[PDB]
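A short reminder: the numbers here are calculations on the coordinates, not readings from a lab. Here the Cβ positions follow ideal geometry from the backbone for every residue, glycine too, while neighbour counts run over all protein chains shown.
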Amino acid sequence: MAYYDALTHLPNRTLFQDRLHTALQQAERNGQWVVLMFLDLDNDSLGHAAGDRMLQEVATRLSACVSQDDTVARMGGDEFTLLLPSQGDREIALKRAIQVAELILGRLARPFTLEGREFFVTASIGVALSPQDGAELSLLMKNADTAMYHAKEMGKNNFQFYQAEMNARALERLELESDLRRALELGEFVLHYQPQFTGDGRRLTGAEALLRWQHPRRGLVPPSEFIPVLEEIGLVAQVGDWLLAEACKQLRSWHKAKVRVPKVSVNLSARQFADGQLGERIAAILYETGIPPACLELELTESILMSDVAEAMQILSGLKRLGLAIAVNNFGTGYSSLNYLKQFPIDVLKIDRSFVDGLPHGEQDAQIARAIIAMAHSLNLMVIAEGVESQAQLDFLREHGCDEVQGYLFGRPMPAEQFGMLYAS
């Protein structure tokens with residue numbers, strides 16, 4: 001009438017089925033996703049302590065690999081199973097499965113000492129995802145077992161998803177994460193510049209710096225592809241640091257040659273905003289280049305400000321103490337969330353394109369914008385809109401008081417030289 005495994009203190013086929021079924025019904029109601037993992041480890045001879053003892057160690061390792069709502073179990077022999085339930089969507093479930101899989105492989109890569117000597121262990125994993133690889137327990141298990149057998153016949157110390165989609169995906173992510181790793185050391189990062197104009201569109205008020213990746217096989221990569229991954233792994237600080245140096249050194253270069261760009265706007269991410277050396281670095285750059293901090297505008301999202309308000313207060317304070325302007329961006333609206341930015345030392349409000357896309361044919365968008373502009377004005381903030389495509393948008397914005405503007409109606413982002421030439425005087 002057993003419920004768990006004696007040897008490993010891990011649940012057993014009966015309970016992992018009850019919890020899998022349970023999590024599947026749960027995922028069926030709450031419309032969520034479920035990660036099922038099958039693990040095979042690869043007693044003789046002379047091995048019956050190792051089988052007893054190795055299995056235990058592997059179970060200890062497996063437990064320390066996945067989250068508590070998650071479940072590690074054993075289904076006889078060398079074979080273990082994992083359950084990662086309550087996943088929001090296919091994306092985060094895929095990612096979670098990846099992380100769990102390759103940590104397990106790295107854990108099990110660790111030596112085992114049993115009968116006084118070291119021994120290594122191979123493990124092959126197959127991963128199936130509900131409700132896609134099966135809305136049902138037995139089907140999902142058949143398919144996870146299948147994926148494990150493919151992973152197995154393919155080699156040792158590897159994992160494979162049931163769907164080829166996920167494998168190709170994972171591989172691509174690995175390639176991206178590796179090439180990204182080389183890029184900065186190599187020097188494959190270049191800065192493009194989209195210019196900012198007055199609400200009317202006459203005089204130039206600045207230049208937004210945009211990070212670009214000049215990959216010699218992929219040419220220039222789409223930021224939407226590499227920027228997330230870049231920030232997802234701890235690389236976004238050194239790069240962001242090079243960036244800053246380059247942008248300041250450009251403004252200074254620009255001003256001293258053929259171009260008057262009164263300021264440059266650089267956007268920051270979660271990590272490099274919370275990077276404790278941001279001030280020591282920015283002050284050092286501002287020092288070396290020789291440009292007034294007012295000519296450097298830093299840009300943030302609300303998601304970044306409101307993730308940790310208490311921290312944001314201190315970083316933003318320490319940054320304003322330099323003399324530079326703070327810009328804030330994107331999501332709402334959601335108006336006294338304007339109230340919420342009142343509590344900060346901000347100088348600039350920046351309207352995301354998702355608001356301008358409805359201008360001025362979408363009346364709600366037209367009026368929502370108009371609200372944003374007025375209330376941002378009330379807090380003495382500068383308002384600039386992004387994604388100005390048509391004259392119909394530009395006209396509206398200028399006729400309603402949007403101080404600055406930027407977008408594609410004025411052209412595409414470009415290198416610094418061509419920038420300095422396209423707005424030389």
Restricting region 166-197 to residues that are of a type in the set (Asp, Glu) and closer than 15 Å to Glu225 by Cα, the residue that is nearest to the chain's Cα centre (by Cα): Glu177
When residues of region 353-388 are limited to those that are surrounded by 22 or more Cβ atoms within 10 Å (Cβ to Cβ) and more than 21 Å from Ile326 (Cβ to Cβ), the one farthest from the chain's Cα centre (by Cα): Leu359
Residue tally, condition within 30 Å of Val383 (Cα to Cα) and of a type in the set (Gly, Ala, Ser), over region 150-209: 5
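Pick from region 268-307 the residues that are among the acidic types (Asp, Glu) and not in a loop (DSSP other than H, G, I, E, B): which of them is surrounded by the most Cβ atoms within 10 Å (Cβ to Cβ)?
Taking region 268-307 and keeping what is among the acidic types (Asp, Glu), we get 275, 280, 288, 297, 299, 302.
If we keep only those that are not in a loop (DSSP other than H, G, I, E, B) too, we end up with 280, 288, 297, 299, 302.
On the way: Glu280: 10, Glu288: 12, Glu297: 24, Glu299: 19, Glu302: 17.
Restricting to residues being among the acidic types (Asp, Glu) and not in a loop (DSSP other than H, G, I, E, B), the top hit is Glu297.
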Residue in region 1-58 that is farthest from the chain's Cα centre (by Cα), counting only those that are more than 23 Å from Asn157 (Cβ to Cβ) and part of a strand (DSSP E or B): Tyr4
Where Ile315 falls short, out of the listed (1) under 25 Å from the mean Cα position of the chain (by Cα); (2) surrounded by 20 or more Cβ atoms within 10 Å (Cβ to Cβ); (3) outside any helix (DSSP H, G or I): (3)
Cβ pairs under 7 Å, 6+ apart, first in region 92-119 and farther than 18 Å from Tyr162 by Cβ, second part of a loop (DSSP other than H, G, I, E, B) and not polar (S, T, N, Q): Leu103/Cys65; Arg107/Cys65; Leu108/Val121; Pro111/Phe120; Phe112/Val121; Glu118/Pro111; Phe119/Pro111
Any pair with Cβ under 6 angstrom, 6 or more apart, that starts in region 298-321 at a residue that is of a type in the set (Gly, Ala, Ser) and ends at one that is surrounded by 13 or more Cβ atoms within 10 Å (Cβ to Cβ) and part of a helix (DSSP H, G or I): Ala312/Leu305; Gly318/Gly279
